[PDB]
Amino acid sequence: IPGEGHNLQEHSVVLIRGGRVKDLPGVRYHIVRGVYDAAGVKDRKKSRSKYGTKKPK
Amino acid sequence: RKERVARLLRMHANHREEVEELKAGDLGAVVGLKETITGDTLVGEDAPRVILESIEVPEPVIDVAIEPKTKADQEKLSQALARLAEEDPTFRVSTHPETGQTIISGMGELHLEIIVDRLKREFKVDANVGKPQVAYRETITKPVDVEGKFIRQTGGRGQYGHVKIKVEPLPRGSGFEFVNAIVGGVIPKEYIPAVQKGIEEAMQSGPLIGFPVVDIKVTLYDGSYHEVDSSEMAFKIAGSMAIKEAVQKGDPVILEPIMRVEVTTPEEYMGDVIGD
Amino acid sequence: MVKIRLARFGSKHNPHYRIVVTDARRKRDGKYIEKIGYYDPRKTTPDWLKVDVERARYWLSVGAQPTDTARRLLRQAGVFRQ
Amino acid sequence: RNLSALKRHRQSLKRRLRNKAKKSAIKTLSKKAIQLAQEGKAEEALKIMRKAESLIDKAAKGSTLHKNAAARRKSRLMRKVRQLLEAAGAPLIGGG
Amino acid sequence: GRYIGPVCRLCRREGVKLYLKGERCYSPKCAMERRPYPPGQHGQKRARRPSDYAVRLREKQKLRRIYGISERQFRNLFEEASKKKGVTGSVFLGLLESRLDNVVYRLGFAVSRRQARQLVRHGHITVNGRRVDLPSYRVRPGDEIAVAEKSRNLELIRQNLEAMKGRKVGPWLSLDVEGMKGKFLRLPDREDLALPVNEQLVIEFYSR
RNA sequence: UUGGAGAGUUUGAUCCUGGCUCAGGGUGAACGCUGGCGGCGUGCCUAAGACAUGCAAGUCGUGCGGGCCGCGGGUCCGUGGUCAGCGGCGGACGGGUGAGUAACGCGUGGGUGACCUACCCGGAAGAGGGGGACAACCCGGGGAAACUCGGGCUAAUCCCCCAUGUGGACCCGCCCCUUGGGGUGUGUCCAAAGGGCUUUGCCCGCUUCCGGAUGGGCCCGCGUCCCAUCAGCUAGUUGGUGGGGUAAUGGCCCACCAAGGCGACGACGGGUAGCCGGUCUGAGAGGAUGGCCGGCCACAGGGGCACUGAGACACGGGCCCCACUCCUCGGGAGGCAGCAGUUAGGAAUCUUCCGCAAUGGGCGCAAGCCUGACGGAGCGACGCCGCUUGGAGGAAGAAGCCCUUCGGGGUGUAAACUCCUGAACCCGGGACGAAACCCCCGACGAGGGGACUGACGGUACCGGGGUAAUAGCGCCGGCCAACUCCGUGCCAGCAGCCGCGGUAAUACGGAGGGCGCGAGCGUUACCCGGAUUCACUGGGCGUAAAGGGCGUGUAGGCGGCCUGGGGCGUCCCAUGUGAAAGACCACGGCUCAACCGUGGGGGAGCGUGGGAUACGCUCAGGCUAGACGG
RNA sequence: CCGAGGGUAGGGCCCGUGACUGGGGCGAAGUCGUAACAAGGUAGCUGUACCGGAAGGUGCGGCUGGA
Ligand code: SF4
Ligand SMILES: [Mg+2]
Ligand SMILES: [Mg+2]
Ligand SMILES: [Mg+2]
Ligand SMILES: [Mg+2]
Ligand SMILES: [Mg+2]
Ligand SMILES: [Mg+2]
Ligand SMILES: [Mg+2]
Ligand SMILES: [Mg+2]
Ligand SMILES: [Mg+2]
Ligand SMILES: [Mg+2]
Ligand SMILES: [Mg+2]
Ligand SMILES: [Mg+2]
Ligand SMILES: [Mg+2]
Ligand SMILES: [Mg+2]
Ligand SMILES: [Mg+2]
Ligand SMILES: [Mg+2]
Ligand SMILES: [Mg+2]
Ligand SMILES: [Mg+2]
Ligand SMILES: [Mg+2]
Ligand SMILES: [Mg+2]
Ligand SMILES: [Mg+2]
Ligand SMILES: [Mg+2]
Ligand SMILES: [Mg+2]
Ligand SMILES: [Mg+2]
Ligand SMILES: [Mg+2]
Ligand SMILES: [Mg+2]
Ligand SMILES: [Mg+2]
Ligand SMILES: [Mg+2]
Ligand SMILES: [Mg+2]
Ligand SMILES: [Mg+2]
Ligand SMILES: [Mg+2]
Ligand SMILES: [Mg+2]
Ligand SMILES: [Mg+2]
Ligand SMILES: [Mg+2]
Ligand SMILES: [Mg+2]
Ligand SMILES: [Mg+2]
Ligand SMILES: [Mg+2]
Ligand SMILES: [Mg+2]
Ligand SMILES: [Mg+2]
Ligand SMILES: [Mg+2]
Ligand SMILES: [Mg+2]
Ligand SMILES: [Mg+2]
Ligand SMILES: [Mg+2]
Ligand SMILES: [Mg+2]
Ligand SMILES: [Mg+2]
Ligand SMILES: [Mg+2]
Ligand SMILES: [Mg+2]
Ligand SMILES: [Mg+2]
Ligand SMILES: [Mg+2]
Ligand SMILES: [Mg+2]
Ligand SMILES: [Mg+2]
Ligand SMILES: [Mg+2]
Ligand SMILES: [Mg+2]
Ligand SMILES: [Mg+2]
Ligand SMILES: [Mg+2]
Ligand SMILES: [Mg+2]
Ligand SMILES: [Mg+2]
Ligand SMILES: [Mg+2]
Ligand SMILES: [Mg+2]
Ligand SMILES: [Mg+2]
Ligand SMILES: [Mg+2]
Ligand SMILES: [Mg+2]
Ligand SMILES: [Mg+2]
Ligand SMILES: [Mg+2]
Ligand SMILES: [Mg+2]
Ligand SMILES: [Mg+2]
Ligand SMILES: [Mg+2]
Ligand SMILES: [Mg+2]
Ligand SMILES: [Mg+2]
Ligand SMILES: [Mg+2]
Ligand SMILES: [Mg+2]
Ligand SMILES: [Mg+2]
Ligand SMILES: [Mg+2]
Ligand SMILES: [Mg+2]
Ligand SMILES: [Mg+2]
Ligand SMILES: [Mg+2]
Ligand SMILES: [Mg+2]
Ligand SMILES: [Mg+2]
Ligand SMILES: [Mg+2]
Ligand SMILES: [Mg+2]
Ligand SMILES: [Mg+2]
Ligand SMILES: [Mg+2]
Ligand SMILES: [Mg+2]
Ligand SMILES: [Mg+2]
Ligand SMILES: [Mg+2]
Ligand SMILES: [Mg+2]
Ligand SMILES: [Mg+2]
Ligand SMILES: [Mg+2]
Ligand SMILES: [Mg+2]
Ligand SMILES: [Mg+2]
Ligand SMILES: [Mg+2]
Ligand SMILES: [Mg+2]
Ligand SMILES: [Mg+2]
Ligand SMILES: [Mg+2]
Ligand SMILES: [Mg+2]
Ligand SMILES: [Mg+2]
Ligand SMILES: [Mg+2]
Ligand SMILES: [Mg+2]
Ligand SMILES: [Mg+2]
Ligand SMILES: [Mg+2]
Ligand SMILES: [Mg+2]
Ligand SMILES: [Mg+2]
């Protein structure tokens, strides 16, 4: 789960994409933030596209 | 997302009727939407993308204030909660306008017993709490009719705002109603936005225990102006005085929060429970 | 029976047929026997019609059937002129 | 819930009928002529093989038999009656 | 569409006046003659040795930025020149040059290419008698490039024709003023045109 | 000779080996953030899962007889509608899908002396005589329906017999040919149908036969994926005689006789896959791929089967079994992998639209009828191409914000501001695609003359008036273009590889600034590339991975010197084939471009003919330097 | 007669799952010893054999990539 803070828990519906995390052996996928019950990151500004976060005002 | 209103139906007692249109204020069954669920708002393709208040209301019920203690790490508490205002959006972090503190609203005694606990044993947070849950509200018992004057023409520098409103009691739960009954233009069209900024703001603190005044209707019907003196900051504070005075007038009191409580006990202690 | 036909090519709102000899049973834009001319019905060029008039006379001669508006193009370029 | 496809079926049945019948008689006589050649019985075999000859080609007029099949059917009937009669001749009347 | 931004910064990055602004380019109010260093917080900081890549990258953005042309359309033109016969460098510039919004520039109907773009877009030009509003139109050798007379009575065309009385236009071009037309005689040779670009470098940028 | 870039990462450092990773191009894509206009393309990749509703194949009154509604009057008859029926042609095309298939299935080139081909076109001959049946219709049972049962009338281009025999068919003999090819004689057998109009004459039909054209069937050479941890397979099995079947060859099927047939040149088996034109990548060689479009194949809920027929073992025909679902007690009903659409599954994939105006198709003398082929329109940045968000001027340079050594630097001519142009919108006009069929003249021909019809569409485009009028996304340790402040303190997080973060982080989070693209920008997934990292081009094995523990030898591979025969390889010329589209080059049409048309250039590969003989092959003859022997 | 398929019976291959058990990989700071790398404190490696908590030791023969 990428980003600072999430909202996922048991029974969270979720969408995964490829890509391993080098540090966590056995992890080989990432949760696409901003889809299904995965939220975007609150207060994110740079690279918002990669984190499910919509454009602020 | 876009969707394709294909056909359009009306259910009768003994058959379905296909119609060619559905005028506003009427209702029926549209066939063809795929990804639309309940509470979603549908508008025309070429049309202002509004979201009707569909799906609504929480509400938080326990008010615990957390004083940021000391003092150059207040920003980590205001950032811990920005991690918590997204993991758990049931609660509210709001600064008291006057007295000026950050108050952690919530959903019960236990809900703040976990947030203020996880806050400390994971983030350290230099801060401590009391605190009650003194989270009442305020409303009136009878319809009141007052004025809202705000005049300072003792030097020329602005300050004229006249307002007269009918504040009636609303059925409990309906929130806040606001109608604009100005006949003609005895108050200008541009001063109407920010005279609600004085009413809606003067309801956030109350007349007896200083808690949000909810469940009333406000009909603004009268008021005069000065062409030179009338500033938008002189029509805001005329509505604030009037409401703080109107709410104060016709019988206001304390609406406390009630709980639906399901206690799951062994039957041996049921009476110990019930009576108590 | 074997036919002389317009086989549509080109694009949308850009007809450019390909007056052609083919078995009646084909797809319009399908494998033909021989090509024996073209046609740009919108006359967008000096030559909006050519025909190997030699061959149309051959094919005709062995039973080939012109379409109702394929003789039109065969006639206009005089395959029938004595 | 429609058609003249059903007309085609109603039609194809009478055809089939009329076809099957000719075909029967053909085989029956063809067989019958060959039998009468096997014991020959010379005059009679040819007399019969003629009615067969006749019924074979008459069948080939319609959609019953292909012209080549009636030709096929005919060849074999002849080479059978003839090679049969071979064991003891007297082949009059005519069909040789 | 086009770059459509602040342009003085473009030039300061390039370290070379590209003439993109029109009259002020020659004025001393030009930014390059006030600040000959790149834009933003770090410009007056002592540069560090550019990479071979950096060099080709910059040399290409140069040629690109001059013609105000999408990297897409650019690349497209470049590829066509490689497929085309003989020299790529020449044909690229050539093909770059044959652009209608660019023909209209060296015929000085407008001051800046941006200005010429709008001129082409708004109907004000004409190729060979018919109206043509497509800034990409590949001007072929032998064509007639006029202001359309339905807008010859116009303050801005006048003022720029006015300033184009007796200036020699490049060898491949012919400008009859008053009549306000022009002719694309031939496509430019390499030596025939100077621009602050080493052509060979752009080629090497796409060969990476 | 139009074609070929590499980088980071093993060490303290080096050189080498070697894997890993990145930059590029691509996609029927999808997901995040974002999103103004138009054009051409394109859009269920998954459940060949299940489907509500509408439509997707009919047409001929110039084949025949009929019942009901009219229109002139003397219950009559004519007539034209109309509904079915009989009859004819169509329904085997067109449209969908990729399940099955590793096969003569496809590709390429050939064979058919072993064959069919409705309609269309040429050439020859004929249409004489007689009879007959069944529907419709009138009569009668059952059903809640499908609907059906039985008795009687009747017409024809429906069915049958007789005759004619141009001709064709079969048996037997002979002549030429050589697999069943053409010819001949005697025997036997076989044709047919009328309708119409303006009626001593044409028109559409019918009959047998011959040829053509087109479309096919069957056969054969060569090519077509993974596993040998699948090594042996085969009883209709291989061949033969006879016979059945078919348009036709054949173990295709049957009976008998024989004991065969196939396999390391990979049989059998298992896995996966429709194949091709082409598409993508690549310097090429190569790799990967088969969506759209064109060609063939296969399949029409899962199966079997045959009928009709020129043609089917038939997507919207029949029969039977199975599964499933459906309508209200015997039974019946259904078949969207047609077009739209629903439902399910899925990361995902469109309107229950418009029109037969055109092109093509079916029937028709023709008017015409039908055509979810097709022509259009709709939705989706899916893709590609075009276009807009303004242009010129505007300070040693406002405000705000960022940095600072507190002087200043930066955003930045950017803004404001002036002027100019004028996307949108508004009015006016307004298409090409449409000239045939038909009518008139001629002769129902050649030729001339005339008329009718446009879904898209009041759209494109043209004229006039006309408003400054969306910007976003990734990224800024190195590879790799773009740097500083603050926050944070092995936390929170980043991460494609090397790696960042433990209190002064150009690598995290915000900011200001910068770089790159721009109605898009990024991510994930897959393909080719870089990868000379399966190396034919173009690699290796003492110590890096890699010489079998060593012999002997089977198959196979390779093979000395001279002369001749053949010409198998090899080379050369010609000729046929190598469809169209695509790709390429040139020209042109849409204002450009995408897209689209015309013309060119052709090659590999096979067929045939002709030629050469160095090398390779084979055959013959000779040698003695290899090899073997005394 | 053949024939979809239904049934009976017996085999072959594949896939998933199984008390328990085998060893394998990985995992910032566990326990025991110290086998290897310096003659690594008994040169090392080796095929095999038997033994031993563990690394390993010992026999026989081999190698130098050791003296
Ligand atoms: S003024 Fe003209 S030339 Fe000087 S920098 Fe700005 S644009 Fe470039
Ligand atoms: Mg949940
Ligand atoms: Mg959910
Ligand atoms: Mg980042
Ligand atoms: Mg019998
Ligand atoms: Mg038949
Ligand atoms: Mg027949
Ligand atoms: Mg104007
Ligand atoms: Mg390249
Ligand atoms: Mg390297
Ligand atoms: Mg390293
Ligand atoms: Mg090492
Ligand atoms: Mg190091
Ligand atoms: Mg390397
Ligand atoms: Mg599918
Ligand atoms: Mg695909
Ligand atoms: Mg249905
Ligand atoms: Mg009828
Ligand atoms: Mg038929
Ligand atoms: Mg398939
Ligand atoms: Mg197989
Ligand atoms: Mg084969
Ligand atoms: Mg073949
Ligand atoms: Mg009769
Ligand atoms: Mg007769
Ligand atoms: Mg047998
Ligand atoms: Mg046989
Ligand atoms: Mg035989
Ligand atoms: Mg067999
Ligand atoms: Mg035997
Ligand atoms: Mg399989
Ligand atoms: Mg398959
Ligand atoms: Mg290479
Ligand atoms: Mg296809
Ligand atoms: Mg099947
Ligand atoms: Mg079936
Ligand atoms: Mg199905
Ligand atoms: Mg079936
Ligand atoms: Mg037929
Ligand atoms: Mg079939
Ligand atoms: Mg059918
Ligand atoms: Mg069937
Ligand atoms: Mg169907
Ligand atoms: Mg469908
Ligand atoms: Mg779903
Ligand atoms: Mg579509
Ligand atoms: Mg759909
Ligand atoms: Mg039509
Ligand atoms: Mg038509
Ligand atoms: Mg329709
Ligand atoms: Mg359009
Ligand atoms: Mg678009
Ligand atoms: Mg999107
Ligand atoms: Mg200054
Ligand atoms: Mg400033
Ligand atoms: Mg300053
Ligand atoms: Mg400007
Ligand atoms: Mg027209
Ligand atoms: Mg006449
Ligand atoms: Mg209009
Ligand atoms: Mg205009
Ligand atoms: Mg104006
Ligand atoms: Mg502006
Ligand atoms: Mg980037
Ligand atoms: Mg890059
Ligand atoms: Mg750099
Ligand atoms: Mg500081
Ligand atoms: Mg922290
Ligand atoms: Mg540090
Ligand atoms: Mg810091
Ligand atoms: Mg940073
Ligand atoms: Mg980074
Ligand atoms: Mg674009
Ligand atoms: Mg690769
Ligand atoms: Mg490279
Ligand atoms: Mg390359
Ligand atoms: Mg390779
Ligand atoms: Mg490898
Ligand atoms: Mg090699
Ligand atoms: Mg190597
Ligand atoms: Mg080794
Ligand atoms: Mg070894
Ligand atoms: Mg050895
Ligand atoms: Mg040997
Ligand atoms: Mg030799
Ligand atoms: Mg040899
Ligand atoms: Mg040869
Ligand atoms: Mg071709
Ligand atoms: Mg052009
Ligand atoms: Mg061409
Ligand atoms: Mg010899
Ligand atoms: Mg059986
Ligand atoms: Mg069985
Ligand atoms: Mg059964
Ligand atoms: Mg030790
Ligand atoms: Mg030891
Ligand atoms: Mg030791
Ligand atoms: Mg040692
Ligand atoms: Mg030992
Ligand atoms: Mg022990
Ligand atoms: Mg011991
Ligand atoms: Mg020893
Ligand atoms: Mg050593």
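Its PDB header attributes the entry to X-ray crystallography and lists the resolution as 2.80 Å.

A.B. asks: Would you take a moment to explain the overall build of chain D for this structure?
C.D. replies: From N to C terminus, chain D includes three helices and zero strands. Shown N-terminal to C-terminal, the secondary structure of chain D runs as helices and strands in the order α-α-α. Taken against the 2.2 N^0.38 rule, which gives 12 Å for 96 residues, the C-alpha radius of gyration of chain D at 17 Å runs more than 25% over that of a compact globule. Seen along its three principal axes, the alpha-carbon backbone of chain D occupies a region of about 65 × 20 × 15 Å.

A.B. asks: Where do I start with the protein's contact with RNA strand F in this structure?
C.D. replies: In the region of RNA strand F, 178 residues are neighbours, and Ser49(A), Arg25(C), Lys43(C), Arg12(E) and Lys29(E) sit closest. For RNA strand F, the backbone makes up 81% of the atoms found within 4 Å of the protein, where backbone means sugar plus phosphate. For the surface near RNA strand F, a count of residues per class yields 41 nonpolar, 54 polar and 83 charged.

A.B. asks: It is not clear to me how the packing of helix α3 (residues 71-83) of chain E against helix α4 (residues 88-97) of chain E should be interpreted in this structure. Could you clarify?
C.D. replies: In a packed pair of helices, the relevant descriptors are the angle between the two axes and the axis-to-axis distance. Residues and elements named next belong to chain E. Relative to each other, α3 and α4 sit at 135°, their axes nearing to 8 Å. As the angle between them shows, α3 and α4 are arranged oblique. In the crossing of α3 with α4, the sense of the turn from one axis to the other is right-handed. Every residue of α4 that contacts α3 at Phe74, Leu77, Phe78, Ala81 and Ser82 is listed here: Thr88, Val91, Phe92, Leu95 and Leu96.

A.B. asks: Help me understand unusual backbone geometry, please; the structure alone is not making it clear to me.
C.D. replies: Peptide bonds are mostly trans, and most non-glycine residues show a negative phi. The omega angle of the peptide bond from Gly130(B) to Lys131(B) is 0°, so this bond is cis rather than trans. Examined against the element boundaries, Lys131(B) turns out to sit in the loop between β7 (128-129) and β8 (137-140). Each neighbour pair has its own omega, and for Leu92(D) with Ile93(D) the value is 20°, a cis peptide bond. Residue placement: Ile93(D) occurs in the segment after α3 (67-85). Positive phi, normally seen in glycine, also occurs at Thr99(B), with a value near 75°. As for its placement among the helices and strands, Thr99(B) is situated in the loop between β5 (93-95) and β6 (102-104). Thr99(B) gets classed as exposed once you look at its relative accessible area, which sits at 61%. Positive phi values are uncommon outside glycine, yet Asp251(B) reaches one of about 60°.

A.B. asks: What should I look at first to understand the sheet that holds β5(B) in this one?
C.D. replies: Two modes of strand pairing occur in sheets, parallel and antiparallel, and in both the strands are linked by backbone hydrogen bonds. Residue and element names in this part refer to chain B. Strand order in the open sheet formed by four strands is β5-β6-β4-β7, and the pairing between neighbours is antiparallel. Edge strands, defined here as strands with exactly one partner in the open sheet, are β5 and β7. Pairing geometry for strand β4 (residues 64-67) and β6, over two bridges, is antiparallel. Within β6, the residue paired with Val64 across the bridge is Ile104.

A.B. asks: Just checking my understanding: could you explain the packing of aromatic side chains for this structure?
C.D. replies: The description of an aromatic ring pair uses the distance of the two centres, along with the angle that the planes make with each other. For the structure on display, the rule yields 13 aromatic pairs over all chains. Measuring from ring centre to ring centre gives 4.8 Å for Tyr191(B) and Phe235(B), while their planes differ by 25°; the resulting arrangement is stacked. You can see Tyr191(B) sitting in the loop between β12 (176-180) and α3 (196-202) and its partner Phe235(B) sitting in the loop between β13 (216-222) and α4 (236-249), a full 44 residues away along the chain. Judged by its relative accessible area of 15%, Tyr191(B) falls in the buried class. The buried category is assigned to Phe235(B), whose relative accessible area is 1%. With centroids separated by 4.9 Å and ring planes inclined at 70°, the aromatic side chains of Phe74(E) and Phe92(E) adopt a geometry described as edge-to-face. One end of the pair, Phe74(E), is in helix α3; the other, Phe92(E), is in helix α4, with 18 residues separating them in the sequence. Each member of the pair, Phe74(E) together with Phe92(E), is buried. A network of ring pairs unites the aromatic residues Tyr53(E), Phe74(E), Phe78(E), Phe92(E), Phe205(E) and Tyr206(E) as a single cluster. The side chain of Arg44(A) reaches across the aromatic face of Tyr51(A), ending 3.8 Å from its centre.

A.B. asks: Where do I start with the site of ligand 1 in this structure?
C.D. replies: Taken together, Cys8(E), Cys11(E), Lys17(E), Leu18(E), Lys21(E), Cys25(E), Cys30(E), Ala31(E) and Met32(E) make up all the residues around ligand 1. For the shell around ligand 1, the residue count by class is seven nonpolar, no polar and two charged.

A.B. asks: I keep staring at the pattern of salt bridges and nothing clicks. Help me out?
C.D. replies: Residues and elements named next belong to chain B. Scanning the entire structure with this criterion turns up 35 salt bridges over all chains. A salt bridge links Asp26 to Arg10; the shortest N-O distance between them is 2.1 Å. With a gap of 16 residues between them, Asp26 in the loop between β2 (16-18) and β3 (29-31) and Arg10 in strand β1 (residues 7-11) connect regions that are remote in the sequence. You can call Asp26 partly exposed: its relative accessible area is 38%. When salt bridges that share partners are traced, they join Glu59, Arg92 and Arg137 into one network.

Conventions adopted
Residues numbered from 1 in each chain as written, not as in the entry; some residues may be left out. Chains lettered and ligands numbered in written order. Part of a larger assembly, values for the part shown. Heavy atoms only, no water. Residues with missing side-chain atoms left out of burial classes, pairs and counts. Helix = DSSP H or I, 4+ residues; strand = E, 2+ residues; numbered from the N terminus. Rg over C-alpha atoms; globule rule 2.2 N^0.38 Å. Near = heavy atom within 4 Å. Nonpolar A, V, L, I, M, F, W, Y, C, P; charged D, E, K, R; others polar. Axes fitted to C-alpha atoms, helices over the stretch in contact; angles between N-to-C directions. Parallel < 35°, antiparallel > 145°, perpendicular 65-115°, else oblique. Left-handed = near helix turned anticlockwise from the far one by under 90°. Contact = heavy atoms within 4.5 Å. Buried < 20%, exposed > 50% of the residue type's maximum accessible area, 1.4 Å probe, protein only. Pairing = 2+ DSSP bridges. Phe/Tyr/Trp six-rings, centres within 6.5 Å; stacked < 30°, edge-to-face > 60°. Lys NZ or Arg CZ within 6 Å of the ring centre and 35° of its normal. Salt bridge = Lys/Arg side-chain N within 4 Å of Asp/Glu carboxyl O.

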